[PDB]
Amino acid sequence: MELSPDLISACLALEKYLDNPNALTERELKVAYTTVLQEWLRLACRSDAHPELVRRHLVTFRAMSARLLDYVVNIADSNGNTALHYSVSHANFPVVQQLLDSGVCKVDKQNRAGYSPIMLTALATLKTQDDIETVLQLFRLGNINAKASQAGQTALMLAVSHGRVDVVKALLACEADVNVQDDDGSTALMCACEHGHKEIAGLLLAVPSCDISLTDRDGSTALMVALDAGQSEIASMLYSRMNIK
(Lines of atoms letter the chains of each structure in order from A and count residues from 1; the text may use other names and numbers.)
(Lines give C-alpha, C1' and ligand atoms only; values in the text may rest on other atoms or scores of the structure.)
Protein backbone atom coordinates (compact mmCIF):
# COMPACT_ATOMS: atom_id res chain seq x y z
CA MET A 1 0.00 0.00 0.00
CA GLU A 2 2.80 2.28 -1.22
CA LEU A 3 2.93 4.85 -4.06
CA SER A 4 5.22 3.84 -6.97
CA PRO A 5 8.32 6.04 -7.10
CA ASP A 6 8.97 5.02 -10.74
CA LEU A 7 5.47 6.05 -11.76
CA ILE A 8 5.68 9.32 -9.82
CA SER A 9 9.11 10.08 -11.31
CA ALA A 10 7.91 9.61 -14.92
CA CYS A 11 4.78 11.61 -14.10
CA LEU A 12 6.96 14.57 -13.10
CA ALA A 13 8.75 14.32 -16.50
CA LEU A 14 5.45 14.12 -18.32
CA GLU A 15 4.10 17.12 -16.42
CA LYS A 16 6.89 19.30 -17.91
CA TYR A 17 5.79 18.29 -21.41
CA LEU A 18 2.14 18.92 -20.55
CA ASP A 19 3.02 22.49 -19.50
CA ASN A 20 5.28 23.14 -22.52
CA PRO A 21 5.67 20.76 -25.52
CA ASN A 22 9.30 21.78 -26.10
CA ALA A 23 10.34 21.06 -22.47
CA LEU A 24 11.48 17.48 -23.30
CA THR A 25 13.66 16.08 -26.05
CA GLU A 26 12.20 13.41 -28.32
CA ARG A 27 14.17 10.81 -26.29
CA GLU A 28 12.90 12.10 -22.94
CA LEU A 29 9.27 12.20 -24.04
CA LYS A 30 9.42 8.65 -25.38
CA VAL A 31 10.82 7.26 -22.11
CA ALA A 32 8.42 9.35 -20.00
CA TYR A 33 5.27 8.24 -21.90
CA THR A 34 6.39 4.61 -21.99
CA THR A 35 7.29 4.60 -18.28
CA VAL A 36 3.99 6.25 -17.22
CA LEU A 37 2.08 3.73 -19.35
CA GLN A 38 3.78 0.63 -17.92
CA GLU A 39 3.80 1.62 -14.29
CA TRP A 40 0.19 2.88 -14.43
CA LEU A 41 -1.07 -0.31 -16.02
CA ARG A 42 1.00 -2.37 -13.55
CA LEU A 43 -0.91 -0.56 -10.86
CA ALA A 44 -4.38 -0.53 -12.40
CA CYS A 45 -4.57 -3.62 -14.70
CA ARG A 46 -2.90 -6.59 -13.06
CA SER A 47 -5.34 -9.25 -11.74
CA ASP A 48 -4.51 -8.36 -8.13
CA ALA A 49 -5.06 -4.59 -8.85
CA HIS A 50 -6.07 -2.81 -5.58
CA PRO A 51 -8.68 -0.11 -5.82
CA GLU A 52 -7.48 1.91 -2.79
CA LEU A 53 -3.95 2.11 -4.23
CA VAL A 54 -5.40 3.26 -7.55
CA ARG A 55 -7.37 6.01 -5.68
CA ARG A 56 -4.31 7.13 -3.78
CA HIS A 57 -2.35 7.59 -6.97
CA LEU A 58 -5.23 9.49 -8.64
CA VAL A 59 -5.43 11.90 -5.69
CA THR A 60 -1.73 12.55 -6.00
CA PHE A 61 -1.88 13.10 -9.78
CA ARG A 62 -4.72 15.57 -9.30
CA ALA A 63 -2.71 17.57 -6.77
CA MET A 64 0.24 17.74 -9.19
CA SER A 65 -1.99 18.96 -12.06
CA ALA A 66 -5.39 18.57 -13.45
CA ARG A 67 -3.89 18.00 -16.91
CA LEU A 68 -1.59 15.22 -15.57
CA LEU A 69 -4.55 13.44 -13.99
CA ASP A 70 -6.45 13.52 -17.32
CA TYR A 71 -3.39 12.37 -19.26
CA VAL A 72 -2.56 9.42 -17.04
CA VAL A 73 -6.10 8.17 -16.52
CA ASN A 74 -6.61 8.05 -20.24
CA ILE A 75 -3.18 6.89 -21.34
CA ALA A 76 -3.47 4.17 -24.06
CA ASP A 77 -1.38 1.12 -24.74
CA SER A 78 -0.19 -0.16 -28.11
CA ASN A 79 -3.68 -1.61 -28.80
CA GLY A 80 -5.50 1.59 -27.90
CA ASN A 81 -6.65 0.18 -24.56
CA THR A 82 -6.84 2.34 -21.46
CA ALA A 83 -6.92 1.16 -17.83
CA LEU A 84 -10.74 1.44 -17.97
CA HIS A 85 -10.85 -0.95 -21.02
CA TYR A 86 -8.81 -3.50 -19.20
CA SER A 87 -10.62 -3.12 -15.83
CA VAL A 88 -14.06 -3.54 -17.47
CA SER A 89 -12.77 -6.56 -19.51
CA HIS A 90 -11.54 -8.22 -16.32
CA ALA A 91 -14.67 -7.29 -14.44
CA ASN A 92 -12.65 -5.55 -11.77
CA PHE A 93 -15.49 -3.21 -10.93
CA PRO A 94 -13.98 -1.77 -7.74
CA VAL A 95 -11.05 -0.52 -9.92
CA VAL A 96 -13.51 0.70 -12.60
CA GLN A 97 -15.30 2.67 -9.93
CA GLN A 98 -12.14 4.50 -8.76
CA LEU A 99 -11.34 5.29 -12.36
CA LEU A 100 -14.82 6.71 -12.94
CA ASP A 101 -14.62 8.74 -9.76
CA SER A 102 -11.53 10.57 -11.18
CA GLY A 103 -14.02 12.75 -13.08
CA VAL A 104 -11.80 12.66 -16.20
CA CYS A 105 -12.28 9.23 -17.91
CA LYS A 106 -12.87 9.31 -21.64
CA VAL A 107 -15.39 6.49 -21.49
CA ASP A 108 -16.21 6.54 -25.20
CA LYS A 109 -12.55 6.00 -26.34
CA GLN A 110 -12.41 3.10 -28.80
CA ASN A 111 -9.50 0.68 -28.91
CA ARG A 112 -7.93 -0.59 -32.14
CA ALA A 113 -10.84 -2.97 -32.72
CA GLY A 114 -13.37 -0.22 -32.23
CA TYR A 115 -14.53 -1.02 -28.72
CA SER A 116 -15.18 1.50 -25.94
CA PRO A 117 -15.18 0.35 -22.27
CA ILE A 118 -19.03 0.58 -22.39
CA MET A 119 -18.99 -2.03 -25.24
CA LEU A 120 -16.56 -4.22 -23.30
CA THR A 121 -19.16 -4.58 -20.47
CA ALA A 122 -20.61 -7.33 -22.65
CA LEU A 123 -17.52 -9.36 -21.57
CA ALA A 124 -18.42 -8.90 -17.86
CA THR A 125 -20.68 -10.86 -15.52
CA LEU A 126 -22.31 -8.62 -12.91
CA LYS A 127 -22.28 -10.55 -9.66
CA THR A 128 -23.22 -8.02 -7.01
CA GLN A 129 -25.35 -4.90 -6.64
CA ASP A 130 -22.08 -2.95 -6.34
CA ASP A 131 -21.01 -4.32 -9.76
CA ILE A 132 -24.38 -3.31 -11.23
CA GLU A 133 -24.16 0.22 -9.68
CA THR A 134 -20.69 0.71 -11.12
CA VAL A 135 -21.80 -0.33 -14.60
CA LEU A 136 -24.84 2.01 -14.37
CA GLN A 137 -22.47 4.78 -13.45
CA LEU A 138 -20.35 4.02 -16.52
CA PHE A 139 -23.48 4.04 -18.72
CA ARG A 140 -24.60 7.40 -17.28
CA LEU A 141 -21.22 8.99 -18.24
CA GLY A 142 -20.86 7.87 -21.85
CA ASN A 143 -22.60 7.09 -25.05
CA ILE A 144 -24.23 3.72 -24.72
CA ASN A 145 -25.58 3.95 -28.30
CA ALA A 146 -22.16 4.35 -30.00
CA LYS A 147 -21.32 1.99 -32.82
CA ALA A 148 -18.00 0.13 -32.81
CA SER A 149 -15.87 1.13 -35.81
CA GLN A 150 -15.62 -2.59 -36.85
CA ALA A 151 -19.11 -3.60 -37.98
CA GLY A 152 -21.24 -0.86 -36.39
CA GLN A 153 -22.23 -3.00 -33.38
CA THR A 154 -23.53 -1.37 -30.21
CA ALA A 155 -22.96 -2.47 -26.60
CA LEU A 156 -26.51 -3.82 -26.55
CA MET A 157 -25.91 -6.02 -29.62
CA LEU A 158 -22.66 -7.30 -28.07
CA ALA A 159 -24.39 -8.05 -24.73
CA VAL A 160 -27.16 -9.91 -26.58
CA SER A 161 -24.60 -11.89 -28.59
CA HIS A 162 -22.79 -12.93 -25.38
CA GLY A 163 -26.08 -13.85 -23.61
CA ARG A 164 -25.47 -11.29 -20.87
CA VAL A 165 -28.90 -10.72 -19.33
CA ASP A 166 -27.51 -8.60 -16.51
CA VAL A 167 -25.77 -6.14 -18.89
CA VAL A 168 -28.82 -6.08 -21.18
CA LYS A 169 -31.00 -5.05 -18.19
CA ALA A 170 -28.51 -2.32 -17.18
CA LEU A 171 -28.44 -0.90 -20.77
CA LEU A 172 -32.29 -0.84 -21.05
CA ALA A 173 -32.49 0.83 -17.60
CA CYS A 174 -30.44 3.63 -19.19
CA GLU A 175 -32.76 3.87 -22.30
CA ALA A 176 -30.36 2.21 -24.69
CA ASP A 177 -31.70 2.61 -28.27
CA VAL A 178 -32.92 -0.89 -29.21
CA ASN A 179 -33.45 -0.05 -32.88
CA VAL A 180 -29.88 0.77 -33.88
CA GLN A 181 -28.86 -1.30 -36.91
CA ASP A 182 -25.35 -2.57 -37.57
CA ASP A 183 -23.57 -2.43 -40.97
CA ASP A 184 -25.67 -5.41 -42.17
CA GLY A 185 -28.98 -3.92 -40.98
CA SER A 186 -29.15 -6.19 -37.92
CA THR A 187 -30.69 -5.15 -34.62
CA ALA A 188 -30.18 -6.44 -31.09
CA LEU A 189 -33.53 -8.25 -31.38
CA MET A 190 -32.48 -10.05 -34.56
CA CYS A 191 -29.35 -11.27 -32.71
CA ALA A 192 -31.56 -12.57 -29.83
CA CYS A 193 -33.73 -14.31 -32.42
CA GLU A 194 -30.92 -15.86 -34.45
CA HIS A 195 -29.23 -17.32 -31.38
CA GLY A 196 -32.18 -18.24 -29.19
CA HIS A 197 -31.68 -15.77 -26.30
CA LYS A 198 -35.29 -16.07 -25.16
CA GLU A 199 -35.11 -14.13 -21.88
CA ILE A 200 -33.27 -11.32 -23.60
CA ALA A 201 -35.76 -11.28 -26.54
CA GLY A 202 -38.54 -10.81 -23.96
CA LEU A 203 -36.61 -7.90 -22.36
CA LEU A 204 -36.26 -6.22 -25.74
CA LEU A 205 -39.91 -6.73 -26.67
CA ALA A 206 -41.04 -5.02 -23.45
CA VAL A 207 -39.31 -1.85 -24.50
CA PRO A 208 -42.23 0.27 -25.86
CA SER A 209 -40.15 1.77 -28.70
CA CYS A 210 -38.87 -1.64 -30.01
CA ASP A 211 -39.66 -1.67 -33.75
CA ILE A 212 -40.10 -5.29 -34.77
CA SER A 213 -40.75 -4.33 -38.41
CA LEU A 214 -37.12 -3.36 -39.18
CA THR A 215 -35.34 -5.43 -41.86
CA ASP A 216 -31.72 -6.41 -42.30
CA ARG A 217 -29.91 -6.12 -45.62
CA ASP A 218 -31.52 -9.41 -46.82
CA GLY A 219 -35.03 -8.05 -46.07
CA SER A 220 -35.53 -10.26 -42.94
CA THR A 221 -37.40 -9.06 -39.88
CA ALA A 222 -36.67 -10.41 -36.43
CA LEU A 223 -39.63 -12.78 -36.82
CA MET A 224 -38.30 -14.16 -40.09
CA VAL A 225 -34.88 -14.68 -38.46
CA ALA A 226 -36.59 -16.58 -35.63
CA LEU A 227 -38.72 -18.72 -37.96
CA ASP A 228 -35.73 -19.50 -40.16
CA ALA A 229 -33.65 -20.55 -37.04
CA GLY A 230 -36.59 -22.70 -35.70
CA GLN A 231 -36.72 -20.46 -32.56
CA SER A 232 -40.38 -21.17 -32.14
CA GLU A 233 -40.83 -19.81 -28.58
CA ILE A 234 -39.33 -16.50 -29.70
CA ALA A 235 -41.40 -16.48 -32.87
CA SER A 236 -44.56 -16.81 -30.72
CA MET A 237 -43.43 -13.86 -28.52
CA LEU A 238 -43.15 -11.80 -31.73
CA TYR A 239 -46.59 -12.82 -33.00
CA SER A 240 -47.98 -11.58 -29.64
CA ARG A 241 -46.54 -8.10 -30.36
CA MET A 242 -47.91 -7.95 -33.93
CA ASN A 243 -51.24 -6.72 -35.19
CA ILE A 244 -51.80 -8.92 -38.27
CA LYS A 245 -53.88 -7.21 -40.98
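Numbers follow the displayed sequence, beginning with 1.
On average the C-alpha atoms of 144-152 have higher B-factors than those of the other stretch, with 164-172 and 144-152 being the two compared. As recorded in the PDB entry, 121-129 is the stretch of 68-76 and 121-129 with the greater mean C-alpha temperature factor. Across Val180, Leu58, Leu37, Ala44, the greatest Cα temperature factor reported in the deposited entry is at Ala44. Per the deposited record, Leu53 carries the highest C-alpha B-factor of all listed residues (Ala32, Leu203, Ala192, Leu53). Sorting the modelled residues of the chain by their CA temperature factor places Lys106 in the lowest third. Compared with the other modelled residues of the chain, the Cα B-factor recorded for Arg112 ranks in the middle third.
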